[PDB]
């Protein structure tokens, strides 16, 4: 409904601006452009190293009265080095301070993997593996619930959790709040209909990250399948006189999934909002779904031996 509704009642805007890889000197302008274009949901994260600058763009629009705080859906994410129970409130408070916000609308446990605490976001050992920590995300979750109780965040969720990790939370003795969201990688080459179905049976909204398959991911070694340059999606795009991009964004929306496409380019931010004006005919929907190569762009391979690494499971 141009939004999905979380089990709390909160209306979560269906399209949002993604800010990973959005450089600090560009993201304040991208956020500003986006809110002027009507975007009311911004997806952020401590680890993106730009929440201050996202904060500046929001601030300007808020004091410039272009939007009200109640009309904004700001998401941020607890990073892996901050999973120890006692580190969770501090990590949320830094994020609130950098975003210059009194509360978040959604705070997600970014990855199920907790890493050794410290300033390095990926503590690596001599073998190049990331160093784990003494925590289970069930304890992290208990601290995340405290943020709801104190009013720092309006809802809590998870990101990159496999269905068995969500289950461990749902079956937690003394559970106060469920994940309201599971933000996971979704796009034609990783359609995820089984995890989506599981989250939906549990009443957990799904946000699809990397709808365009992350062309700019640092590790895009040239012989990587490009969804935007994929002749097939370009053809179905042609049928609508829309771009590959607009089609790839319409797809998760049509599957009742929140999309958060990233762009620091003003023109492409406008383009990406110009998707609510058509519907993909069900055949085309089925075409796109069939491309499921189970191809993951964000596999976090460096953490593959972590006890809580999410991707060895089917879904």
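Residue numbers count along the first chain shown, from 1.
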{"query": "Segment of higher mean CA temperature factor, 165 to 173 or 213 to 221", "finding": "213 to 221"}
{"query": "Which of 95 to 103 and 237 to 245 has higher mean CA B factor, as the PDB entry lists it", "finding": "237 to 245"}
{"query": "Residue with highest C-alpha B-factor in the PDB entry, from 207, 226, 76, 86", "finding": "226"}
{"query": "Selection by C-alpha B-factor (highest) of 27, 288, 33, 259", "finding": "288"}
{"query": "Chain thirds of CA B-factor: placement of residue 38", "finding": "middle"}
{"query": "Third of the chain's Cα B-factor distribution that residue 231 belongs to, per the entry", "finding": "highest"}
{"query": "Relative C-alpha B-factor of residue 46, binned into the chain's lowest, middle or highest third", "finding": "lowest"}
{"query": "CA B-factor placement of residue 193, once the chain's modelled residues are sorted into thirds", "finding": "highest"}
{"query": "Chain third (lowest, middle, highest) by recorded CA B-factor, residue given as residue 134", "finding": "highest"}
